Amino acid sequence: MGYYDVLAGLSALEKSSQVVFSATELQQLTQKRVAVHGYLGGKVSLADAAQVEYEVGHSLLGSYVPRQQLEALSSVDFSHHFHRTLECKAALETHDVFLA
Amino acid sequence: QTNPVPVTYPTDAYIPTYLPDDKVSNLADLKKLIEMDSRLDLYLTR
Amino acid sequence: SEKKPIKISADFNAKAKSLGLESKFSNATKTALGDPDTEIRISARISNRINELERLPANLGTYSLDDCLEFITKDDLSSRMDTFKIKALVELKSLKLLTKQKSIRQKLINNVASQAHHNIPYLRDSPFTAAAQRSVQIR
Amino acid sequence: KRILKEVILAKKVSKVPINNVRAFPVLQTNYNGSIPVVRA
Amino acid sequence: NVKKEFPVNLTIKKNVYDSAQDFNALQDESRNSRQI
Amino acid sequence: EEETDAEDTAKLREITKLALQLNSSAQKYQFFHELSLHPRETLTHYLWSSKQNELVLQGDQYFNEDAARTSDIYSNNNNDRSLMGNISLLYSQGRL
Amino acid sequence: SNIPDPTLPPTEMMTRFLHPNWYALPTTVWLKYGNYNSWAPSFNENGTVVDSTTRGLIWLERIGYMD
Amino acid sequence: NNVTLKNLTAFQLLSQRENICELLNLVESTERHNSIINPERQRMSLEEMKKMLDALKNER
Amino acid sequence: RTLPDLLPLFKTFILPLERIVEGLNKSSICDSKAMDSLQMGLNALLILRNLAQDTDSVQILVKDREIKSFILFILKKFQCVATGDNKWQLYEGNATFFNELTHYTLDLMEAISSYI
Amino acid sequence: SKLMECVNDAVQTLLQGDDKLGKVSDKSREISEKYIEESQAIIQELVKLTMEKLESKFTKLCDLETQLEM
Amino acid sequence: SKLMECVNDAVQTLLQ
């Protein structure tokens with residue numbers, strides 16, 4: 001995406017010297033509201049709500065997790081999951097693009 | 001029709017009877033004219 | 001300034017305004033929170049704050065600088081390790097329970113407005129409210 | 001920031017207001033439980 | 001016969017312009033390539 | 001027929017409007033005559049009625065989604081606590 | 001919990017709120033008896049808050065002089 | 001066209017305030033008082049009355 | 001009928017209404033206690049009319065000189081307003097009150113009209 | 001709406017004094033005379049309008065008489 | 001300010 005992003009990715013992995021950019025690679029690296037709930041008014045049809053697309057985004061475990069399931073989760077697996085998705089994502093994206 | 005069709009604008013109004021008879025000297029003529037109008041209406045409708 | 005400062009005319013909207021009663025003939029006033037643009041903007045800000053709060057680490061102890069007097073010996077537990085974690089959790093959960101507070105607030109407001117003419121003296125005692133409440137009870 | 005830094009450094013103020021949260025956030029070791037899971 | 005405001009938890013929030021000045025606990029070990 | 005009906009209706013409405021204007025003028029005259037007869041009582045009545053009507057016209061100002069969405073009217077620092085004080089009762093009735 | 005996310009519409013409280021200070025009190029009725037029926041009861045003021053002449057004056061001020 | 005408690009109280013208070021402000025001579029209502037009297041309309045009505053009276057006089 | 005000594009209380013609330021209505025030809029509701037007494041009188045009068053819509057209640061009402069005298073007083077005031085007498089001229093600032101008053105009275109009259 | 005506070009204070013000061021009410025009564029008397037003049041004008045115009053109405057109904061009467069003769 | 005001036009002038013003209 002960005003040149004410095006590519007460098008940070010190639011440096012996260014230790015295979016930074018095994019990459020060589022071409023001319024073109026360098027030249028390209030430098031560049032209504034439908035009522036869903038009813039806590040406040042009269043709810044619209046559930047079909048209408050389904051027709052609309054939901055996007056929370058800001059939360060990590062979505063907008064709802066049942067009590068028993070959350071209470072009986074594993075913390076190590078989710079810590080590793082967040083480390084893979086939130087922090088190490090750029091390095092893996094670069095490894096997907098370059099490094100075959 | 002069997003009902004008087006309620007409407008939105010005022011259809012009549014009273015004439016005030018607390019004015020001094022000395023100062024206002026044309027209320028009697030207005031009331032005479034109103035009576036004659038009522039009589040004409042009665043005669044036509046009959 | 002020198003002459004009469006009112007100058008009533010036959011408009012009844014300038015006449016009413018010149019004597020103070022200007023908004024007193026409109027149903028409800030004009031506010032800012034009634035437009036979808038400001039609502040979308042506020043929602044964006046709230047979502048951004050919640051994102052930032054959720055991207056915090058769980059192990060978020062705090063060194064309080066008053067732990068000096070508590071001679072911690074690498075085995076004891078500091079009595080103030082969870083003070084920024086508690087504040088972060090409080091703010092996050094309060095930001096996630098916004099609609100619940102809104103619902104309870106609007107329930108309170110509706111149930112206190114519906115009884116204005118029965119609980120507020122200067123509204124209950126006007127001749128017009130009394131006349132209306134009598135007119136309803138005409139057998 | 002640079003202007004305020006050079007103003008304070010040059011001692012061009014009589015007093016400096018000192019109001020700081022007397023704590024600061026820091027990470028904390030994170031160990032796992034040792035009692036194994038039954039996993040019914 | 002005063003306006004009490006929601007607390008401004010400044011110690012929790014992050015610097016918006018230069019995020020290289022946050023406390024080391026809040027920084028992201030991803031700009032200096034220290035994730036892995 | 002339709003033209004005659006419309007014309008008669010318009011004339012009747014004009015006459016009624018003039019009669020209402022006469023009523024307005026007569027009521028203003030009667031007010032000033034009554035004031036000329038008993039000034040003290042009418043002036044005391046005016047003062048009391050103005051105070052009461054102003055009190056009535058200020059009974060719905062904190063109901064505009066601005067006072068509702070912000071924490072001002074729910075704060076206890078309000079000298080008048082006619083809003084939060086109901087909570088207890090509203091809780092006992094289960095409505096809330 | 002079942003509580004929705006605070007970014008999901010709707011988000012407004014007083015969207016359909018009505019204070020009793022605007023509840024459309026009862027007033028005169030203003031019946032209409034034909035065109036040549038002048039000896040006829042024009043009003044019907046049984047459970048009204050304000051009498052006929054005052055309602056007419058209100059109408060005159062607010063509507064009759066709108067032009 | 002609708003009448004609520006707020007409208008009624010505002011109307012009554014406006015009438016009272018107008019009357020009192022007129023007592024203290026703090027208001028100039030020449031426009032209203034000359035649109036209600038309308039001396040042009042007075043002259044027109046007077047000439048109409050004169051014409052109708054002449055008509056009734058000459059029919060005999 | 002089932003609750004005797006109920007009418008005396010209403011009469012205690014209704015006769016000062018007679019005095020007020022006699023004093024209603026000028027601005028005389030300056031105070032809030034006057035307004036409260038007037039409203040209590042109007043409420044008691046409406047209660048009496050609603051009860052008079054029944055046979056036993058109107059039978060008890062007819063056998064009462066005070067209520068009949070009050071109805072006659074209000075009717076004579078209405079007649080004075082109607083014929084345009086110069087003795088007692090209603091002050092329009094009070095017209096509203098008078099309006100309601102008249103209506104209730106007439107209803108009462110209607111009922112007791114069967115027993116005279 | 002600030003002028004009305006001063007007006008109310010002035011009216012209260014008027015109610016405080018004793019020999020102040022006579023001038024108020026005289027001024028209100030003159031104002032009442034003004035309003036009776038206004039009402040006279042309105043009544044005259046009402047008379048004119050009723051005259052026009054009566055003329056129209058008189059033509060109606062003539063037509064009705066023709067029908068009766070037929 | 002000037003409002004009190006106008007009101008008091010009107011009252012003085014009324015009382016004189």
# chains A, B, ... in the order shown; residues from 1 in each chain; ligands from 1
$ residues_around --residues "residue E:31" --least-positions-apart "4" --cutoff "9 Å" --atoms "only C-alpha atoms" --output "ChimeraX atom specification"
/A:5,8 /E:35
$ write_last_selection --atoms "N, CA and C atoms" --output "CSV table (one decimal), in the first residue's frame"
chain,number,residue,atom,x,y,z
A,5,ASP,N,5.0,1.6,4.7
A,5,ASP,CA,4.4,0.4,5.2
A,5,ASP,C,5.0,-0.9,4.7
A,8,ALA,N,8.2,-1.3,6.7
A,8,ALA,CA,7.9,-1.8,8.1
A,8,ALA,C,7.5,-3.3,8.0
E,35,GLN,N,6.8,-6.3,16.4
E,35,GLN,CA,5.6,-7.2,16.6
E,35,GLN,C,6.1,-8.6,16.9
$ closest_atom_pairs --of "chain G" --to "chain B" --cutoff "8 Å" --atoms "only C-alpha atoms" --output "Markdown table"
| residue | atom | partner | partner_atom | distance |
| --- | --- | --- | --- | --- |
| G:29 | CA | B:6 | CA | 6.2 |
| G:30 | CA | B:10 | CA | 5.6 |
| G:31 | CA | B:6 | CA | 4.4 |
| G:32 | CA | B:4 | CA | 5.3 |
| G:33 | CA | B:4 | CA | 5.4 |
| G:34 | CA | B:4 | CA | 7.8 |
| G:36 | CA | B:41 | CA | 5.2 |
| G:37 | CA | B:41 | CA | 6.4 |
| G:38 | CA | B:38 | CA | 6.0 |
| G:39 | CA | B:38 | CA | 6.4 |
| G:42 | CA | B:12 | CA | 6.1 |
| G:43 | CA | B:11 | CA | 7.7 |
| G:52 | CA | B:13 | CA | 7.7 |
| G:53 | CA | B:13 | CA | 6.7 |
| G:56 | CA | B:10 | CA | 6.4 |
| G:59 | CA | B:9 | CA | 8.0 |
$ residues_around --residues "residue D:25" --least-positions-apart "4" --cutoff "8 Å" --atoms "only C-alpha atoms" --output "NGL selection string"
(:C and (60-63 or 84)) or (:E and (11-12 or 23 or 25))
$ residues_around --residues "residue K:14" --least-positions-apart "3" --cutoff "12 Å" --atoms "only C-alpha atoms" --output "ChimeraX atom specification"
/H:22-26 /J:10-11,14,20-28 /K:7-11
$ write_last_selection --atoms "N, CA, C and O atoms" --output "CSV table (one decimal), in the first residue's frame"
chain,number,residue,atom,x,y,z
H,22,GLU,N,-50.8,50.6,26.1
H,22,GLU,CA,-51.5,51.7,25.6
H,22,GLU,C,-51.9,52.7,26.6
H,22,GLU,O,-51.9,53.9,26.4
H,23,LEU,N,-52.1,52.2,27.9
H,23,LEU,CA,-52.4,53.1,28.9
H,23,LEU,C,-51.3,54.1,29.2
H,23,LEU,O,-51.5,55.3,29.4
H,24,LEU,N,-50.1,53.5,29.3
H,24,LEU,CA,-48.9,54.3,29.5
H,24,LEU,C,-48.4,55.1,28.3
H,24,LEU,O,-47.4,55.8,28.3
H,25,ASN,N,-49.1,55.0,27.2
H,25,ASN,CA,-48.8,55.7,25.9
H,25,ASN,C,-47.4,55.3,25.4
H,25,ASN,O,-46.6,56.1,24.9
H,26,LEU,N,-47.1,54.0,25.5
H,26,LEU,CA,-45.9,53.4,25.1
H,26,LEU,C,-46.0,52.7,23.7
H,26,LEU,O,-45.2,51.9,23.3
J,10,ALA,N,-43.6,49.7,37.0
J,10,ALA,CA,-44.2,51.0,37.0
J,10,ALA,C,-45.7,50.9,37.5
J,10,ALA,O,-46.1,51.7,38.3
J,11,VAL,N,-46.4,49.8,37.1
J,11,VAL,CA,-47.7,49.6,37.5
J,11,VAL,C,-47.8,49.4,39.0
J,11,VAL,O,-48.7,49.8,39.7
J,14,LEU,N,-47.3,52.6,40.7
J,14,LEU,CA,-48.6,53.3,40.7
J,14,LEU,C,-49.6,52.8,41.8
J,14,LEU,O,-50.3,53.6,42.4
J,20,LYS,N,-52.5,58.9,42.9
J,20,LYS,CA,-52.1,58.7,41.5
J,20,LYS,C,-53.2,58.2,40.6
J,20,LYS,O,-53.0,58.1,39.4
J,21,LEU,N,-54.3,57.7,41.2
J,21,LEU,CA,-55.3,56.9,40.4
J,21,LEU,C,-56.2,57.8,39.6
J,21,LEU,O,-56.7,57.4,38.6
J,22,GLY,N,-56.4,59.1,40.0
J,22,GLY,CA,-57.3,60.0,39.3
J,22,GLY,C,-56.8,60.2,37.9
J,22,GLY,O,-57.6,60.2,36.9
J,23,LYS,N,-55.5,60.5,37.7
J,23,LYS,CA,-55.0,60.7,36.4
J,23,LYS,C,-55.1,59.4,35.5
J,23,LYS,O,-55.4,59.5,34.3
J,24,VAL,N,-54.9,58.3,36.1
J,24,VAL,CA,-55.1,57.0,35.4
J,24,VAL,C,-56.5,56.9,34.9
J,24,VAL,O,-56.8,56.6,33.7
J,25,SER,N,-57.5,57.2,35.8
J,25,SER,CA,-58.9,57.1,35.4
J,25,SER,C,-59.2,58.1,34.2
J,25,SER,O,-59.9,57.7,33.3
J,26,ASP,N,-58.7,59.3,34.3
J,26,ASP,CA,-59.0,60.3,33.2
J,26,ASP,C,-58.4,59.8,31.9
J,26,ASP,O,-59.1,59.9,30.9
J,27,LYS,N,-57.2,59.4,31.9
J,27,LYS,CA,-56.6,58.9,30.7
J,27,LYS,C,-57.4,57.7,30.1
J,27,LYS,O,-57.6,57.7,28.9
J,28,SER,N,-57.8,56.8,30.9
J,28,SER,CA,-58.6,55.6,30.5
J,28,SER,C,-59.9,56.1,29.9
J,28,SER,O,-60.4,55.5,29.0
K,7,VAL,N,-39.9,54.4,30.4
K,7,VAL,CA,-41.0,54.0,31.2
K,7,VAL,C,-41.3,55.1,32.3
K,7,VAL,O,-42.5,55.5,32.5
K,8,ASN,N,-40.2,55.6,32.9
K,8,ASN,CA,-40.4,56.6,33.9
K,8,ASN,C,-40.9,57.9,33.3
K,8,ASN,O,-41.7,58.6,34.0
K,9,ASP,N,-40.5,58.3,32.1
K,9,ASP,CA,-41.0,59.5,31.5
K,9,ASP,C,-42.5,59.3,31.2
K,9,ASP,O,-43.3,60.3,31.4
K,10,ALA,N,-42.9,58.2,30.7
K,10,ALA,CA,-44.3,57.9,30.5
K,10,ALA,C,-45.1,58.0,31.7
K,10,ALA,O,-46.2,58.6,31.8
K,11,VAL,N,-44.6,57.4,32.8
K,11,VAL,CA,-45.3,57.5,34.1
K,11,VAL,C,-45.4,58.9,34.6
K,11,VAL,O,-46.5,59.3,35.1
$ closest_residue --among "H:1, H:34, H:21, H:58" --to "chain K" --atoms "only C-alpha atoms"
H:21
$ interface_residues --of "chain H" --to "chain F" --cutoff "7 Å" --atoms "only C-alpha atoms" --output "compact mmCIF listing (two decimals) with N, CA, C and O atoms, in the first residue's frame"
# COMPACT_ATOMS: atom_id res chain seq x y z
N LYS H 6 -51.46 26.75 25.47
CA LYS H 6 -50.40 27.72 25.21
C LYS H 6 -50.90 28.86 24.35
O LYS H 6 -50.66 30.04 24.65
N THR H 9 -53.41 31.13 26.43
CA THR H 9 -52.73 31.98 27.40
C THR H 9 -51.92 33.06 26.71
O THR H 9 -51.91 34.22 27.15
N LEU H 13 -52.62 37.03 27.28
CA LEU H 13 -51.54 37.85 27.80
C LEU H 13 -51.15 38.95 26.82
O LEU H 13 -50.84 40.07 27.22
$ atom_distance --atom1 "atom CA of residue I:54" --atom2 "atom CA of residue I:110"
12.3 Å
$ atom_distance --atom1 "atom CA of residue F:93" --atom2 "atom CA of residue A:41"
21.8 Å
$ decode --residues "stretch 8-38 of chain B" --atoms "N, CA and C atoms" --output "mmCIF file, in the first residue's frame"
data_model
loop_
_atom_site.group_PDB
_atom_site.id
_atom_site.type_symbol
_atom_site.label_atom_id
_atom_site.label_comp_id
_atom_site.auth_asym_id
_atom_site.auth_seq_id
_atom_site.Cartn_x
_atom_site.Cartn_y
_atom_site.Cartn_z
ATOM 1 N N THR B 8 -65.475 25.409 9.505
ATOM 2 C CA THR B 8 -64.262 25.890 10.155
ATOM 3 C C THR B 8 -64.202 27.400 10.348
ATOM 4 N N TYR B 9 -64.993 28.149 9.658
ATOM 5 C CA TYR B 9 -64.978 29.584 9.882
ATOM 6 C C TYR B 9 -66.183 30.003 10.713
ATOM 7 N N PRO B 10 -66.092 31.096 11.468
ATOM 8 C CA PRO B 10 -67.239 31.525 12.275
ATOM 9 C C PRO B 10 -68.422 31.895 11.397
ATOM 10 N N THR B 11 -69.588 31.356 11.741
ATOM 11 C CA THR B 11 -70.787 31.534 10.939
ATOM 12 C C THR B 11 -71.691 32.648 11.441
ATOM 13 N N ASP B 12 -71.427 33.200 12.617
ATOM 14 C CA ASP B 12 -72.215 34.308 13.142
ATOM 15 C C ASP B 12 -71.456 34.912 14.315
ATOM 16 N N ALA B 13 -72.015 35.977 14.876
ATOM 17 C CA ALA B 13 -71.406 36.656 16.006
ATOM 18 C C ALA B 13 -72.455 37.526 16.676
ATOM 19 N N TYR B 14 -72.422 37.566 18.002
ATOM 20 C CA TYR B 14 -73.307 38.457 18.729
ATOM 21 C C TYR B 14 -72.912 39.908 18.489
ATOM 22 N N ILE B 15 -73.862 40.802 18.703
ATOM 23 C CA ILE B 15 -73.631 42.242 18.661
ATOM 24 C C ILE B 15 -73.630 42.754 20.094
ATOM 25 N N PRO B 16 -72.601 43.483 20.521
ATOM 26 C CA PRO B 16 -72.497 43.851 21.936
ATOM 27 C C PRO B 16 -73.604 44.801 22.354
ATOM 28 N N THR B 17 -74.146 44.557 23.545
ATOM 29 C CA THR B 17 -75.256 45.335 24.073
ATOM 30 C C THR B 17 -74.859 46.193 25.265
ATOM 31 N N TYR B 18 -73.563 46.341 25.530
ATOM 32 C CA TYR B 18 -73.088 47.128 26.657
ATOM 33 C C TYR B 18 -72.568 48.497 26.244
ATOM 34 N N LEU B 19 -72.703 48.862 24.975
ATOM 35 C CA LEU B 19 -72.294 50.186 24.542
ATOM 36 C C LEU B 19 -73.291 51.234 25.033
ATOM 37 N N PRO B 20 -72.833 52.461 25.278
ATOM 38 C CA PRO B 20 -73.757 53.520 25.703
ATOM 39 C C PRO B 20 -74.694 53.905 24.569
ATOM 40 N N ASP B 21 -75.988 53.981 24.883
ATOM 41 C CA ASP B 21 -76.974 54.303 23.856
ATOM 42 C C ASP B 21 -76.841 55.738 23.369
ATOM 43 N N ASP B 22 -76.277 56.625 24.187
ATOM 44 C CA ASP B 22 -76.142 58.019 23.777
ATOM 45 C C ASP B 22 -75.049 58.179 22.730
ATOM 46 N N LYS B 23 -73.886 57.573 22.969
ATOM 47 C CA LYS B 23 -72.750 57.767 22.074
ATOM 48 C C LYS B 23 -72.959 57.029 20.759
ATOM 49 N N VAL B 24 -73.328 55.755 20.831
ATOM 50 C CA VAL B 24 -73.616 54.957 19.646
ATOM 51 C C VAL B 24 -75.083 55.163 19.295
ATOM 52 N N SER B 25 -75.339 55.799 18.156
ATOM 53 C CA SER B 25 -76.692 56.166 17.766
ATOM 54 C C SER B 25 -77.198 55.404 16.551
ATOM 55 N N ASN B 26 -76.441 54.431 16.046
ATOM 56 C CA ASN B 26 -76.850 53.673 14.871
ATOM 57 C C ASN B 26 -76.959 52.181 15.155
ATOM 58 N N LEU B 27 -77.067 51.793 16.425
ATOM 59 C CA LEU B 27 -77.318 50.391 16.731
ATOM 60 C C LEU B 27 -78.770 50.023 16.462
ATOM 61 N N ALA B 28 -79.694 50.943 16.744
ATOM 62 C CA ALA B 28 -81.105 50.670 16.496
ATOM 63 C C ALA B 28 -81.364 50.404 15.020
ATOM 64 N N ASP B 29 -80.743 51.191 14.141
ATOM 65 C CA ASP B 29 -80.920 50.977 12.709
ATOM 66 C C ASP B 29 -80.340 49.638 12.277
ATOM 67 N N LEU B 30 -79.190 49.260 12.834
ATOM 68 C CA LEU B 30 -78.597 47.977 12.482
ATOM 69 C C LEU B 30 -79.485 46.824 12.929
ATOM 70 N N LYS B 31 -80.088 46.939 14.111
ATOM 71 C CA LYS B 31 -80.960 45.870 14.582
ATOM 72 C C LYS B 31 -82.245 45.804 13.764
ATOM 73 N N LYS B 32 -82.769 46.959 13.347
ATOM 74 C CA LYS B 32 -83.921 46.957 12.451
ATOM 75 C C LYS B 32 -83.590 46.275 11.131
ATOM 76 N N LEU B 33 -82.414 46.565 10.576
ATOM 77 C CA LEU B 33 -82.013 45.921 9.330
ATOM 78 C C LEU B 33 -81.857 44.418 9.511
ATOM 79 N N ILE B 34 -81.324 43.990 10.654
ATOM 80 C CA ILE B 34 -81.176 42.558 10.902
ATOM 81 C C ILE B 34 -82.540 41.885 10.983
ATOM 82 N N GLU B 35 -83.498 42.528 11.652
ATOM 83 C CA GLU B 35 -84.842 41.962 11.722
ATOM 84 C C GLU B 35 -85.476 41.860 10.339
ATOM 85 N N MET B 36 -85.319 42.895 9.512
ATOM 86 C CA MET B 36 -85.895 42.834 8.172
ATOM 87 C C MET B 36 -85.240 41.745 7.335
ATOM 88 N N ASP B 37 -83.928 41.566 7.482
ATOM 89 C CA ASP B 37 -83.257 40.483 6.773
ATOM 90 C C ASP B 37 -83.809 39.129 7.197
ATOM 91 N N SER B 38 -84.026 38.943 8.501
ATOM 92 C CA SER B 38 -84.598 37.688 8.975
ATOM 93 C C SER B 38 -85.995 37.467 8.406
#
